[PDB]
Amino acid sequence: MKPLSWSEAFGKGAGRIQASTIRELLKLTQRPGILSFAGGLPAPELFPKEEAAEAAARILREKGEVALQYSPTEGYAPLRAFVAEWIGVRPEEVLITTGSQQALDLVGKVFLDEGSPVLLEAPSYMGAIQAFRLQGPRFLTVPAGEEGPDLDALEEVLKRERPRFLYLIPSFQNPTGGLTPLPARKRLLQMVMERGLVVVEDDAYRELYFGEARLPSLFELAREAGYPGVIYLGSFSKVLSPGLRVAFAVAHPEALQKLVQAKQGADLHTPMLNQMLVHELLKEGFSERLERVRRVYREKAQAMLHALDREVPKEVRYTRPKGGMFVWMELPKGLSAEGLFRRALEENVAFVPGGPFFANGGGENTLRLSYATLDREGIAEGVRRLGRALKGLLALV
C-alpha cells in the first residue's frame, strides 16, 4: 500500500498552524499549587455561580425548546438588543460570537489572503496573530508604547503599504497594558479616514478601567464622524464568564453580512443557552457588576505594582497599568524570558514569555504578567519568587 504520511497529507495551511503558549500554559496553571501570572483568567470570586445556576435552570425549564434547538446565526435577539443598547447601535448591526477569539478568526477569513498586508503592534495579542496567520498574510508592525501605537511609525508604514486592516487594542492593550489617550485616538481616526482604511478594534478590556471614566472607543469616534470603517469587537469574557464563550462583533452591514456567512461555516451559531444566560445575568444590575469588576482588578493591580516595586531590581523595566489585566516586563542585559520562565516554574510560578506576542519575532527579553487570577497574598508571594529568580539570573549573566 501507498503509505500515509501526515506531514505530506497536510495542506500549506497546516504549516501556518502552531500552538498558542497561552492556551498550552493553562494545562499547567490550572493545576493545584501553581501561582499563575500566565493567562488572563478572571478572578474566580467574581463568578456569579448561584445566580448563574438559578438563571440556567429557569431558561431551560421555561425556554428549553429554544435554548436546546438550532438558532439563527446572528444571535439570541434580546442579547443582540442588549449589546446594541450598551454600544449604541441597532441590533441588526450586532453579531453574537463564540468569544471574541472567533471574531478574530472571522475577520481574518473575510479580509486576508496569502501575501496580503495586515498591520498590528509589536507586541500584540498572540491569539489575533494566531488567527490571522492561517491566511498567510504579511504582518506589518509598529511599536506599542505606554501611549499605544507609535503613530509616527504608523504614518511611515501607511506611505508604503495599504493594510487590509489595522488590528488595535486601544484600551489596556494585550500584552503591554498600554492605553491610547484621546488625542492619539483622534489622530489615528484621522489617518484611517483620510485613507479609507479598516480598523478592527478589540475592546476585550473596555470596562476594566481603573480611573474615573473610560475613553471613547475608535468605534465611537468613527460613529460621531460618520465613518463606517471600524469593526468593533467586545466580549463578556473579562466582565462575566470567559468559559461561556459569548462575545460580539459590531460592524457596517456589508462587513457584518460577510462575518455572519463566515460564522455559518465556522460553527453554525453560538450556543443558545449561553447567550440566554448572559442576557439573564446582565439585563439588570450590569453597571453595579461593572463597578465591582473595576474595583477588584484595581486592587489586584495595586498589589501587583506594590510587590514589583519592592521585589524587582531597578534594572528591570515593567509597565504600570491604568486598566485591564497585565503588566509587561522587559529584562535587561540580554536576559532570556524563557530562562526566567524555567527558574520561576521550578518555584511554582507561571508567566507568559513575550516572544510569541511579536508577529515577526524578537522580544525574547520580554514577558507578560497577569494579576487577574491570584488574590493579594498570592500576588505578593508569586512576585517575591519572581524577584528572587531575577536577582539570581542578573547575578550570573
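Heads up: residue numbers just count along the shown sequence, starting at 1.
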### Query
Which is higher in the entry, the mean Cα B factor of 166-174 or that of 223-231?
223-231
### Summary
Quick note on 321-329 and 307-315: per-entry mean CA temperature factor is higher in 307-315
#### Entry: C-alpha B-factor winner, where the candidates are 121, 92, 202, 254
92
### Message
Among 105, 74, 155, 267, where is the Cα B factor highest in this entry?
### Response
155
#### Entry: Where the record places residue 20 (Cα B-factor, split into thirds across the chain)
middle
### Third assignment of residue 243 from its chain's C-alpha B-factors
lowest
### Query
If you rank every modelled residue in this chain by C-alpha B factor, which third holds residue 35: lowest, middle or highest?
middle
#### Entry: residue 214, C-alpha B-factor rank within chain (lowest, middle or highest third)
highest
## Note on the structure
Chain-relative C-alpha B factor for residue 340 (record values, thirds): the middle
